[PDB]
Every structure is written in structure tokens, then in C-alpha cells.
């Protein structure tokens, strides 16, 4: 027997409609590439998104065609998010800091039919343009620019394309499991293809109070890029709650960020540690209080504890350490305390804020041993982190037969501990660990010693099996030009640079490593 409630698909276009309906005047600030600052609002972004969704449809694109972006956090990128997905296309956010050969691969593999880009990346797009066979419209995210048209003959312009859209466009209605957007990971990059369902449930979860939780009273500054992992979902979550937004565009250095916070009264800022280090450096120099800032979200790389202490003690700002990855849309955990934590001594309360955090409803975590078996969640045993839930991927884009999931779970590639309350601690990368009995050994830490040897051009380190220690490191070295180092002096080089028991057991000389389409397939091991 089914329930008797209204049923409605969980569509991304319903988020922007809600912001337009009940928060249409709520202010959104957009730092443009030409130095301009746009003052717009959710209502205007919704109208532009609808009109651009019509304009995209009138190009004759097919349902779920990919729409690529190479763009900063700005109002036109926010509009494309809703325009592409809302109209039933796939919003494909591309990282413009990648190497050109990586962009060529991603754009062609995704088969973006449209490529929106910001003016910053005009030389970059012009350079790879002739390798981008499948792209039918190149669109600068601004108005007609004659120098731009010189670099890319045939270029189109956002501010002209949008005027071709019908002003009374109606979002189509489709199955909520329809593909919505696309983000590639760091061999080649692999694309994770989100649905409207997974996006919307992820925003729901992120909008809860113990995860991030956007309020309409917030001024939210996503410094995390919209070009990677959806800016942690904040373009979706801030629409759900009608939060104010400050989109910082290309100027992400410390002085510009501190000025955005103080000029617009940012209450919630989201970034990664390197960007925050620039912000904290400037703030300490100019003596600002960051008066309006209440809390920050830091994810993407391990949040340093002394950064948490700085925000807390200099500024009275709480730091949410959050963890995730492209494959989880991105949010996996967030470090918020539990009730029982108020009764610990204040200093123990501070160290509890340091790990990657606890998972919200909708995501489940476990750690497994090297044969796939569950390990206790005692906070001390280390295992391969496995995840599943409503916004974890099932398979990579154009790669379904590769049996990604293991017993319905996704292997993150991280080694972690998990305590009984699900607080997770990244410890290592599964692919980097050689499981020498007793203490494990990092392969890259051994490589970085080895490649620094002046008589070695390069070298690789692999775990190779051993009858007593299970897995032991082997050094695969290629001698520097005109040099002939002995095995003994290469291993002697490790003396004092690392514990003796981690030194590779044997040296093997190759004249070259066997390359994949760029890196080294050390699965040989043969």
C-alpha cells in the first residue's frame, strides 16, 4: 500500500524557484573579472537562469548534453548551474588550473557541446581550441569583446546568447534520477555524474545544522571554487535557505578576501587551508577584527589545528573541518561536537575538533582490511575507508563495466581510523602504503629520498611480497646520465633520512619506467 501524499521530483530547478519565490530580493554580490562588482539577487539570478535555459534549449541541444564551464565564482557561473541542469542539460564544471592536455582530455571525453569560460582563460581556451573537436559553441562569460574575438574567431558571448531566451520559459519536468552535472577527479581524470536527486538530498544534508547549515540570515562567501566539487554544494544549499552570497571571482588573495568580509559583512566563509593562510596573514597585518565573521568551513586538505586555534582565539570564529571528495558530491563528514563533549576539559574539547569529522544522515562510513573484511571502529585500527549513501557515486562517467563498487561500497583510496561515533581521521593513501608487518611504510616518502640522489634520474618504489614481512619496499631506479651508482650506496643514502627498517630491501635498475598515458603504472610488480 502506497502513501497518499503529493509526489514531486527532487529537481535542481525547484531550488532556484524557491529562492526566487520566497527570497527574490535577498542580495547576491558578484566580483567580476573586469574589476566590476555586481549587486544582484536570487530573483534576478533565477530569471537569468530561466532565460539562459531557454537560450541553451534553442541551440538544439539534446537532453543531458554536457555544458562545460571554465569559470570563477560569479553570478554568471551561478546562473549557468541552474540554467544547464534546470533545462535538462548536464552542468560540467571544469578546473581551469589543469594542464592544457588535461583540459583537452576532459572536454573531449565529456563531449561538452557548449564551453562557457571567463575572460581570464581566453588565452588558455584559444590555445587548445583546435583540439576541441566536439564543442559547437564557445561562449565568453561577458559581453562582446573584439580582442577576445581575435583570439577565438567564431566566439559567442553570454550577454548576447541570453537575450535569445524566452522570458516565460518553463523548466521541464523529468525523472529526478536524470543526470544533472559532472565533475572530474584529479591514470586519466574520471568523471562523477550527479543526478538531480543526489544533488538535492546532498543540499538537504548540508543545510542541516550539524553539517554546514545555511541560514537566510547568513552572508555566505564560497571561496572554494564552483569549478570543482560544486563549491561543496553551496550554490544549491544557499538557494534552499535563501542565504545571501558573496561570490569572490578571480581575486582570492588575502587582502581581497579580508575586504570582502569587512565590506559585505560575511558571516560564513568556505575555503581550503592555503587560501585561508593568505587571509589570516593579511588580517593579522591590518588589525581587522573580521567583525561579522562567525564561522568558517575548511575542507579539501587537512585543516591544521593551529589554524582552528587562530580563528577561535583571535577572532571568536568557529571552524568546521569538513571532508569529502568528487565521488561524494562532495560532503562526507563534518567536525561538529556531540553532547557528551561539553563535559570534557576545554582543552580536550579543542583536540576533538581536529579530525575530519562525523558523517551526517545519508552517508555511511566503514574501514576494511586488505581482504575486504570489516575492522573495528575503535579510533585506532587503520583500514581502507569505504563509503556509501544517497550522494556517493555508483560508477564513473563512461566507465560502468569497471566494477567500481565493492559489495555496494565505494573505496575512497584513503586509509583511515573510525571511532565509535564515526569520527574519521585520514592517515594515508591506500595506494601509497606498503604493508610491512608491524609498521606500514609510505611509498612516496621513500621515493622522495631516492629521487634526490644525484646519481638517479628518477626512481619508483613498490611493495613487493616477502615471506616474513608480507610486503616489503623495492627501489626501481634509473641511473642519472653518465652515472653508475651501486645498490649499496643507494640504500646507504637512506641512512639517517628515515627509520632503518623502512629502507628498501633491494635495488633494481631499469633504463626507464613503463609509462601510462602520463604517470607510472607501478602495477608491475612483475
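Positions refer to the first chain, counted from 1.
Unresolved deposited residues in the interval that joins residue 186 and residue 187 | Missing in between: 1 to 3 residues.
Which has higher Cα B-factors on average according to the PDB entry: 161 to 169 or 218 to 226?
-> If you average the C-alpha B-factors of 218 to 226 and of 161 to 169, the larger mean comes out for 161 to 169.
Read off the CA B-factors in the entry, average them over 51 to 59 and over 467 to 475, and name the higher stretch.
-> Per the PDB record, 467 to 475.
Could you tell me which one of 70, 498, 45, 31 shows the highest CA temperature factor in the PDB record?
-> Most elevated C-alpha B-factor of the set, per the entry: 498.
Candidate residues 110, 91, 434, 124, the one whose C-alpha B factor the record puts highest = 434 has the highest C-alpha B-factor of those listed.
Sorting the chain's modelled residues by C-alpha B-factor, tell me whether residue 401 ends up in the lowest, middle or highest third.
-> As the PDB entry reports it, the C-alpha B-factor of residue 401 lands in the highest third of its chain.
Determine, from the deposited record, the chain-internal third of the Cα B-factor for residue 27: lowest, middle or highest.
-> Within its chain, residue 27 is a middle-third residue by C-alpha B-factor, going by the deposited values.
Chain-wide C-alpha B factor ranking for residue 391, given as lowest, middle or highest third | For residue 391, the deposited C-alpha B-factor lands in the lowest third.
Relative to the other modelled residues of the same chain, rank the CA B-factor of residue 154 and answer lowest, middle or highest third.
-> Middle third of the chain for residue 154's C-alpha B-factor.
Hey, what third does residue 74 fall into on Cα B-factor, ranked over its chain?
-> Residue 74: CA B-factor falls in the lowest third of its chain.
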